[PDB]
Amino acid sequence: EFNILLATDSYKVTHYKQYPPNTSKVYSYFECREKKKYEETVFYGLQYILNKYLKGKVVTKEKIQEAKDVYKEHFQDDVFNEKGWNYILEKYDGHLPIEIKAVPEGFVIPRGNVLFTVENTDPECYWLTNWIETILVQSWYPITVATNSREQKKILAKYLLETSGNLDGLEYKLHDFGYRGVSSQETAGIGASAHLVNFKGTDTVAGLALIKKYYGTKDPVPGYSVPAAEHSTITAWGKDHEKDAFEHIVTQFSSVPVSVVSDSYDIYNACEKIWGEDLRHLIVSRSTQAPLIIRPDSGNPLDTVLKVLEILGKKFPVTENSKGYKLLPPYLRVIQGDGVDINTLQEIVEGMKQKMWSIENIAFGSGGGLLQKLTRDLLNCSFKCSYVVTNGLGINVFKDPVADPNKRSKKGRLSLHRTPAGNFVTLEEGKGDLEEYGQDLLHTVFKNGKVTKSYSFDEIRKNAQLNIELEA
Amino acid sequence: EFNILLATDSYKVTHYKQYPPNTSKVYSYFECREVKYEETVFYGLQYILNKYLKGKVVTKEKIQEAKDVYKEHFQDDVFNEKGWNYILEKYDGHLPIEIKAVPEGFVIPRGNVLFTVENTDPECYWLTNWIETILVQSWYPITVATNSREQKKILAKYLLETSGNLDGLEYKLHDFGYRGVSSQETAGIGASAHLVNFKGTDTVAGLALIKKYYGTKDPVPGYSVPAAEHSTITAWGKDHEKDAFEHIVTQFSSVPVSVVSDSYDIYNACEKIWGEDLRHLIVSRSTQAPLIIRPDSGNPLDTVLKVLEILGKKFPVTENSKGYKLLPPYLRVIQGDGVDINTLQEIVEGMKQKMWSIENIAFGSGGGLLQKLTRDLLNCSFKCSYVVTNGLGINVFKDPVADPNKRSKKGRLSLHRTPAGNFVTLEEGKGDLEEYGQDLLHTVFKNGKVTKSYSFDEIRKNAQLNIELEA
Ligand SMILES: O=C(NCc1ccc(S(=O)(=O)c2ccccc2)cc1)c1cnc2n[nH]cc2c1
Ligand SMILES: O=C(NCc1ccc(S(=O)(=O)c2ccccc2)cc1)c1cnc2n[nH]cc2c1
C-alpha cells in the first residue's frame with residue numbers, strides 16, 4: 001500500500017525544524033514559469049493525483065511507524081516529525097488538513113500564471129503544505145503531455161485546413177504508440193490519458209481505465225484503435241513470403257481499416273511491386289470505411305513519406321481536390337509511425353504541402369516523442385512558497401536569485417482573473433481581494449481530505465479545444 | 001488491480017490472427033542495438049517478472065473485462081477470448097512462457113542478446129509478443145543504470161586524478177529526481193536503477209522497491225542528510241536570510257547539513273553571510289558534520305568556480321598531495337541545478353583546470369538523471385528471430401533497406417565468452433555447435449514461476465567499475 005509519509009523528497013522530512021518559529025501558515029502555488037514555442041499550457045492531471053494519493057484516510061499508525069523505521073536508517077538519525085503526523089491521525093482521522101484551489105481542468109492558460117495553490121487549514125500543519133510538493137509537482141507530466149500534444153494538433157489543423165479546406169479526421173491524425181517507450185505502467189496510463197485530451201486514437205490501453213475511473217466519459221471509451229501488423233507477423237512468414245503475409249493479413253481484416261508495416265525488407269519494393277501490382281486487386285476493392293493504411297517505419301521520415309506517396313501516386317488513381325492538392329483514393333492511406341515528434345511532424349506536413357500532397361493522405365504515430373521525450377524544464381513547471389503567517393502577521397515571500405531573473409517567484413496570496421480584453425492575469429500580494437477584476441478563476445478542488453470539485457473527461461476536452469475548432 | 005490482458009499495445013490484440021497458419025512457436029529477444037554508451041548495465045527485468053508476470057495473472061473476471069473493453073476500443077470483436085481461456089483452464093492462469101536472461105548488474109557491450117522469450121505450449125504461440133510491450137519497459141531501468149554508471153566513470157576519473165583515491169565516490173551523484181519524473185512508479189524504478197551505482201538518494205520510493213524485489217544485507221540501500229529548500233529560507237523574509245541560515249545550522253549542528261544559498265544573492269551569501277557573519281558557526285563543525293553550501297542558479301560551471309573562489313578566500317584552504325586545493329573538512333559544496341552527464345563533465349574538468357580537487361564537490365541531478373532519457377539512447381528493442389510453422393523451424397529477421405542499423409538477429413540466440421574473455425552473441429542456433437562453451441543466459445522465468453533471481457548486493461557487485469576493481 002502507498003504511504004504518503006514515504007512519498008516526499010528525503011530532505012522535506014527535515015523541514016519542520018527549519019521554518020521560522022511561530023509559523024501558522026505556509027501557502028504555496030504552481031506555475032509553468034515564463035522563460036524570458038509553448039506560450040500556453042493545458043492544465044490537466046491534478047484530479048488523478050487528488051483521488052489516487054491525497055484524499056481520505058492517508059495516515060495510519062502503521063504508516064507512521066513504517067516511515068519512522070525507514071527514516072531512522074535512511075538518515076542514520078531520528079529526525080522525523082512523528083508528533084506532527086500523529087496530530088493529523090488523532091485530530092482529523094488521518095485526513096490532510098490542506099486546501100487546494102485550482103483552475104478548471106482542460107483550461108488553456110498562458111505561461112507564468114498561477115494554476116493551483118496549496119495551504120494548510122490548521123496552524124499545527126504549516127509543515128504539510130510543502131511535504132506534498134513532490135507528489136503535486138508530478139502534475140508537470142500530464143500538463144506537458146497534454147500541452148505538447150495540443151501544439152501538434154495545431155500544426156495538423158493548420159496544414160489539414162490549408163490543403164483540404166476542412167478539419168475532417170483531425171482527431172485521428174496523431175496516434176499514441178508510446179506504451180513500450182515510457183518508463184512505467186503508471187506513466188503509460190497518465191501520459192496516454194493526457195494525449196486523449198486532444199485526440200481519439202491510442203494503442204496505449206492503460207489510459208482508458210485511468211480515464212474511466214478518475215474522470216469519466218459519456219461514451220463507453222475515450223480512445224480507439226484498428227487492426228495492424230507488426231514486423232513479427234510479417235517476418236514470421238519467411239523472407240520470401242512477404243506477399244503471402246500481406247495478402248493473408250488484408251484478407252483477415254477485409255472489412256475494417258487495417259494498417260500494414262511495409263518496410264521489413266524494402267519498403268519501396270513493397271509499395272511499388274507488392275501492393276502496387278501483385279496485390280493491387282485486393283486494395284482497390286476495399287471500402288472507404290476500411291482502407292489499407294501502409295506504414296513505413298525506417299529511413300528519413302520526410303524523405304520516406306514523400307517517396308512512398310510518389311510511388312503510390314503512380315500505381316493508384318489520384319485525384320486533385322478543390323484546393324489543388326493530390327489525394328490518394330479513399331481505400332488507401334499512409335501512417336508514419338517512426339521518428340515522430342513535434343519538430344519532425346512539422347517538417348513532414350510542410351514537406352507534403354510543398355510537394356502538393358494533401359494532409360488528408362497521412363496520419364502519424366508517435367511513441368517516445370509523444371509520451372517520454374519531455375521534462376519538467378520544457379514548461380518550467382514549478383512549486384514555490386509565496387505567503388507565510390508568522391506571529392500572526394502575514395508576509396509576502398519569494399526567491400529572486402541574482403544570476404537568473406527567470407527563476408524569481410511570485411509574492412503573497414495569489415488569484416487568477418480574466419482581463420478586460422478577456423485574457424488572463426495573476427494578481428499578487430492579495431490584490432485579488434480589492435475586487436477590481438471579476439471573480440477568482442481558481443476553485444477549491446480539495447479541502448480537509450475530500451475532493452470538492454471534479455471534472456468529467458468530456459468537460460476537459462471541451463475546455464482544451466483549439467480556436468480553429470471553435471471557429472468550426 | 002493490474003490486468004495483463006489490458007497491458008499490451010492495442011494492435012497486438014489482433015496479432016493472433018496474422019501469424020502463418022500452424023505456427024507452434026514464436027521466439028523473440030531484447031537487445032540494446034548497434035556521448036558514447038558502448039556498454040549497458042542490464043537491470044530491472046526482475047521487478048517486471050515479479051510484479052506483473054508471475055503466478056496467476058489470468059482470471060475469468062480479467063478475461064471478461066478485457067473482452068468488454070476491446071469490443072468498444074476496436075468497435076468490433078477481435079479479442080482472443082478462447083486463447084486466454086485456454087491459459088486459465090490449462091495452467092490455472094500461469095503464463096506458459098520461458099525467458100532466459102543475462103545476470104542483473106551485468107555490464108555488456110551494445111548489440112548483444114540480453115534476454116529471450118518463447119512460448120512453452122504450441123497453443124500459446126501468440127503470447128510471446130503479447131508481452132513485448134511490458135518487457136520492453138525494461139529499457140528504462142537499463143538506461144537509468146547505464147547513464148548513472150557513465151557519470152560515475154567521469155567522477156571516478158577526476159576524483160582519482162585530483163585526490164589520489166576514490167574516497168566519497170558513491171555519494172558524489174545524489175538523486176534529486178522524485179518531483180521531475182512522470183509518476184510514482186517511475187520514481188521507484190529509476191531511483192533503484194541509480195542506486196545500482198551510488199548510495200545517495202532523496203527519491204524515497206526506490207528504497208521500498210529494492211527491499212521488496214531485490215533485497216540488501218543492509219537495512220536500506222540509499223541515504224540522505226538534512227537540507228534546506230527555498231521555502232525554509234525565504235519564509236523568514238528577505239531581510240532575514242542570515243537568521244534562517246543560523247537557525248538551520250544550529251538545529252542540525254552535529255550532522256551534515258546542506259543549505260541552499262542563492263535565494264537572493266549566492267555570492268553575497270557565500271562571502272558575507274557564511275564567510276563573515278556566520279563563519280564562527282561553520283569553523284566549529286565536525287568533519288562528520290560539514291556545512292554543504294548549495295548554489296541553485298546561474299551557469300553551473302561559472303557559479304561553482306566563483307563559489308569555490310569566494311570560499312577559498314574566507315576559509316583556510318590546504319593543498320592536498322596531488323597539488324589540488326581543498327576546502328577545510330567542515331565545508332563542502334553541492335551543485336544541484338542543471339546537472340546531466342554533459343554538464344557534470346564540464347564542471348569537473350573546469351574545476352580541475354582551476355586546481356580545485358573533486359573532493360570539494362558533490363552533484364545532485366533530477367530530471368537529467370531520471371527523466372531526460374528515452375528508449376532511443378541505447379536502442380532498446382524486441383524482435384522475433386525464430387518461429388516453428390508446420391513443425392519446421394525458420395530463422396527470421398527484419399532488414400529495412402534504408403536503415404541497416406535496424407536489421408535484427410536471426411534464429412535461436414545464445415550469449416558466450418570469447419577466447420579473449422569478451423561477450424559474443426551467436427545466431428542461427430550456432431551456440432549448439434559447442435565451439436564457444438556454455439550459454440551465459442540463464443532461465444529466469446518458466447511457466448508462471450521466477451526461477452532465478454539476484455540480490456541488490458550481487459547486482460551492485462556485477463555493476464562495479466573497472467577502476468573500482470583495480471584496488
Ligand atoms: O499500428 C499500430 N497500432 C494500430 C494502428 C494505430 C493507428 C492507426 S491510424 O491510421 O491512426 C487509424 C486510427 C483510427 C482509425 C483509423 C485509422 C492504425 C493502426 C502500431 C504500430 N506500431 C507501433 N509501435 N508501438 C506501438 C505501435 C502501434
Ligand atoms: O538537498 C537536498 N536533499 C538532501 C541532500 C542530498 C544530498 C546531499 S550530499 O551533499 O550529496 C550528501 C549525501 C549523503 C551524505 C552526505 C552528503 C546533501 C543533502 C535536495 C535539494 N534539492 C532538491 N531538489 N529536488 C530534490 C532535492 C533534494
# chains A, B, ... in the order shown; residues from 1 in each chain; ligands from 1
>>> residues_around(residues="residue A:297", least_positions_apart="6", cutoff="9 Å", atoms="only C-alpha atoms", output="PyMOL selection string")
(chain A and resi 261-264+267+304+336-339) or (chain B and resi 400)
>>> select_by_dssp(residues="stretch 251-452 of chain A", states="strand (DSSP E or B)", output="PyMOL selection string")
chain A and resi 258-261+292-295+319-320+326-327+332-336+357+362-366+381-390+393-396+415-418+424-427+443-447+450-451
>>> residues_near_ligand(ligand="ligand 1", cutoff="7 Å", atoms="only C-alpha atoms and all ligand atoms", output="ChimeraX atom specification")
/A:172-175,177-180,201-203,224-230,257-259,293,335,337,363-365,367 /B:9-11
>>> write_last_selection(atoms="N, CA, C and O atoms", output="CSV table (one decimal), in the first residue's frame")
chain,number,residue,atom,x,y,z
A,172,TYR,N,-8.0,11.9,-35.4
A,172,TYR,CA,-7.3,10.6,-35.6
A,172,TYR,C,-6.0,10.8,-36.3
A,172,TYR,O,-5.4,9.8,-36.8
A,173,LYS,N,-5.4,12.0,-36.3
A,173,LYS,CA,-4.2,12.2,-37.1
A,173,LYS,C,-2.9,12.0,-36.3
A,173,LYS,O,-1.8,12.0,-37.0
A,174,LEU,N,-2.9,11.9,-35.0
A,174,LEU,CA,-1.7,11.6,-34.2
A,174,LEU,C,-2.1,10.5,-33.2
A,174,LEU,O,-2.7,10.8,-32.2
A,175,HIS,N,-1.7,9.3,-33.5
A,175,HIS,CA,-2.0,8.2,-32.7
A,175,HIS,C,-0.8,7.9,-31.7
A,175,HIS,O,0.4,8.1,-32.0
A,177,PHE,N,1.6,5.7,-29.7
A,177,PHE,CA,2.4,4.4,-29.9
A,177,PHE,C,3.3,4.3,-28.7
A,177,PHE,O,4.2,3.4,-28.7
A,178,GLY,N,3.1,5.1,-27.7
A,178,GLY,CA,4.1,5.2,-26.6
A,178,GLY,C,4.2,4.2,-25.5
A,178,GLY,O,5.0,4.3,-24.6
A,179,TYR,N,3.3,3.1,-25.6
A,179,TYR,CA,3.2,2.3,-24.4
A,179,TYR,C,4.6,1.7,-24.0
A,179,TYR,O,5.1,1.8,-22.9
A,180,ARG,N,5.2,1.1,-25.0
A,180,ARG,CA,6.5,0.5,-24.7
A,180,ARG,C,7.7,1.4,-24.4
A,180,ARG,O,8.6,1.0,-23.8
A,201,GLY,N,-7.2,8.6,-31.0
A,201,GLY,CA,-6.5,7.4,-31.3
A,201,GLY,C,-5.4,7.0,-30.4
A,201,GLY,O,-4.4,7.8,-30.2
A,202,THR,N,-5.4,5.8,-29.8
A,202,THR,CA,-4.4,5.4,-28.9
A,202,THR,C,-4.2,3.8,-29.0
A,202,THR,O,-5.2,3.1,-29.2
A,203,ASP,N,-3.0,3.4,-28.8
A,203,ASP,CA,-2.7,2.0,-28.6
A,203,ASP,C,-2.3,1.8,-27.2
A,203,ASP,O,-2.0,0.6,-26.7
A,224,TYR,N,-9.6,4.9,-29.4
A,224,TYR,CA,-9.9,3.9,-30.3
A,224,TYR,C,-8.7,3.4,-31.1
A,224,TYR,O,-7.7,4.1,-31.3
A,225,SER,N,-8.7,2.1,-31.6
A,225,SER,CA,-7.7,1.7,-32.5
A,225,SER,C,-8.2,0.7,-33.5
A,225,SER,O,-9.4,0.4,-33.5
A,226,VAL,N,-7.4,0.3,-34.5
A,226,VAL,CA,-7.8,-0.6,-35.5
A,226,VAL,C,-6.7,-1.7,-35.8
A,226,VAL,O,-5.6,-1.4,-35.4
A,227,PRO,N,-7.1,-2.8,-36.4
A,227,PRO,CA,-6.1,-3.9,-36.5
A,227,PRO,C,-4.8,-3.5,-37.3
A,227,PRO,O,-4.9,-2.6,-38.3
A,228,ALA,N,-3.7,-4.0,-37.0
A,228,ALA,CA,-2.4,-3.7,-37.7
A,228,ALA,C,-1.4,-4.7,-37.4
A,228,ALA,O,-1.4,-5.4,-36.4
A,229,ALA,N,-0.5,-4.8,-38.4
A,229,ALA,CA,0.5,-5.8,-38.4
A,229,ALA,C,1.7,-5.3,-37.6
A,229,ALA,O,1.7,-4.1,-37.3
A,230,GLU,N,2.6,-6.1,-37.1
A,230,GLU,CA,3.9,-5.6,-36.7
A,230,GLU,C,5.0,-6.4,-37.5
A,230,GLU,O,4.6,-7.3,-38.2
A,257,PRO,N,-10.7,-1.0,-41.1
A,257,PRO,CA,-9.4,-0.4,-41.5
A,257,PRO,C,-8.2,-1.3,-41.1
A,257,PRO,O,-8.3,-2.0,-40.0
A,258,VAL,N,-7.1,-1.4,-41.8
A,258,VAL,CA,-6.0,-2.3,-41.4
A,258,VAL,C,-4.8,-1.6,-41.8
A,258,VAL,O,-4.6,-1.1,-42.9
A,259,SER,N,-3.8,-1.5,-40.8
A,259,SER,CA,-2.5,-0.9,-41.2
A,259,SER,C,-1.5,-2.0,-41.3
A,259,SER,O,-1.5,-2.9,-40.4
A,293,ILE,N,-3.9,1.0,-44.7
A,293,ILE,CA,-3.1,2.1,-44.3
A,293,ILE,C,-1.6,1.6,-44.3
A,293,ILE,O,-1.2,0.7,-43.5
A,335,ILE,N,0.5,5.9,-42.9
A,335,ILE,CA,0.7,6.4,-41.5
A,335,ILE,C,2.2,6.4,-41.3
A,335,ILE,O,2.9,5.4,-41.7
A,337,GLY,N,4.8,6.2,-38.6
A,337,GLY,CA,4.9,5.9,-37.2
A,337,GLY,C,6.3,5.8,-36.5
A,337,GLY,O,6.4,5.3,-35.4
A,363,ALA,N,-1.4,10.1,-41.6
A,363,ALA,CA,-1.6,10.2,-40.2
A,363,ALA,C,-0.3,9.9,-39.6
A,363,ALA,O,0.6,9.3,-40.2
A,364,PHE,N,-0.2,10.1,-38.3
A,364,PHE,CA,1.1,9.9,-37.6
A,364,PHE,C,0.9,9.2,-36.4
A,364,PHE,O,-0.2,9.3,-35.7
A,365,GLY,N,2.0,8.4,-36.1
A,365,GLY,CA,2.1,7.6,-34.9
A,365,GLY,C,3.3,8.1,-34.1
A,365,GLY,O,4.3,8.4,-34.8
A,367,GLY,N,5.5,7.7,-30.3
A,367,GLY,CA,5.7,6.9,-29.1
A,367,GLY,C,6.5,7.6,-28.1
A,367,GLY,O,6.0,8.4,-27.3
B,9,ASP,N,0.1,-3.1,-26.3
B,9,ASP,CA,-0.3,-2.2,-27.3
B,9,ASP,C,-1.6,-2.8,-28.0
B,9,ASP,O,-1.7,-4.0,-28.2
B,10,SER,N,-2.6,-1.9,-28.3
B,10,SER,CA,-3.8,-2.3,-28.9
B,10,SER,C,-3.6,-3.3,-30.1
B,10,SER,O,-4.3,-4.3,-30.1
B,11,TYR,N,-2.8,-2.9,-31.0
B,11,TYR,CA,-2.8,-3.7,-32.2
B,11,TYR,C,-2.3,-5.2,-32.0
B,11,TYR,O,-2.7,-6.1,-32.7
>>> residues_around(residues="residue B:442", least_positions_apart="6", cutoff="9 Å", atoms="only C-alpha atoms", output="ChimeraX atom specification")
/B:99-103,115,452
>>> write_last_selection(atoms="N, CA, C and O atoms", output="mmCIF file, in the first residue's frame")
data_model
loop_
_atom_site.group_PDB
_atom_site.id
_atom_site.type_symbol
_atom_site.label_atom_id
_atom_site.label_comp_id
_atom_site.auth_asym_id
_atom_site.auth_seq_id
_atom_site.Cartn_x
_atom_site.Cartn_y
_atom_site.Cartn_z
ATOM 1 N N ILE B 99 11.656 -17.408 -20.216
ATOM 2 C CA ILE B 99 12.502 -16.273 -20.535
ATOM 3 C C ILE B 99 13.895 -16.564 -20.014
ATOM 4 O O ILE B 99 14.013 -16.961 -18.863
ATOM 5 N N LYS B 100 14.931 -16.342 -20.840
ATOM 6 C CA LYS B 100 16.331 -16.553 -20.399
ATOM 7 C C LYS B 100 16.964 -15.189 -20.424
ATOM 8 O O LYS B 100 16.612 -14.378 -21.290
ATOM 9 N N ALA B 101 17.871 -14.901 -19.487
ATOM 10 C CA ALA B 101 18.407 -13.551 -19.399
ATOM 11 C C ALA B 101 19.836 -13.535 -18.826
ATOM 12 O O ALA B 101 20.224 -14.431 -18.066
ATOM 13 N N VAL B 102 20.610 -12.512 -19.218
ATOM 14 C CA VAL B 102 21.958 -12.335 -18.597
ATOM 15 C C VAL B 102 21.721 -11.886 -17.140
ATOM 16 O O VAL B 102 20.663 -11.256 -16.817
ATOM 17 N N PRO B 103 22.671 -12.200 -16.222
ATOM 18 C CA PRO B 103 22.521 -11.784 -14.821
ATOM 19 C C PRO B 103 22.331 -10.288 -14.645
ATOM 20 O O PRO B 103 22.936 -9.527 -15.370
ATOM 21 N N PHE B 115 18.011 -10.756 -23.205
ATOM 22 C CA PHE B 115 17.034 -11.753 -22.790
ATOM 23 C C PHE B 115 16.268 -12.288 -24.013
ATOM 24 O O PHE B 115 16.241 -11.632 -25.062
ATOM 25 N N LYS B 452 15.125 -17.878 -11.315
ATOM 26 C CA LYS B 452 16.467 -17.433 -10.967
ATOM 27 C C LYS B 452 16.427 -15.941 -10.654
ATOM 28 O O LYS B 452 15.765 -15.169 -11.333
#
>>> residues_around(residues="stretch 162-168 of chain A", least_positions_apart="6", cutoff="8 Å", atoms="only C-alpha atoms", output="VMD selection string")
chain A and resid 321 to 325 353 357 to 360
>>> closest_residue(among="B:43, B:382, B:198, B:178", to="chain A", atoms="only C-alpha atoms")
B:178
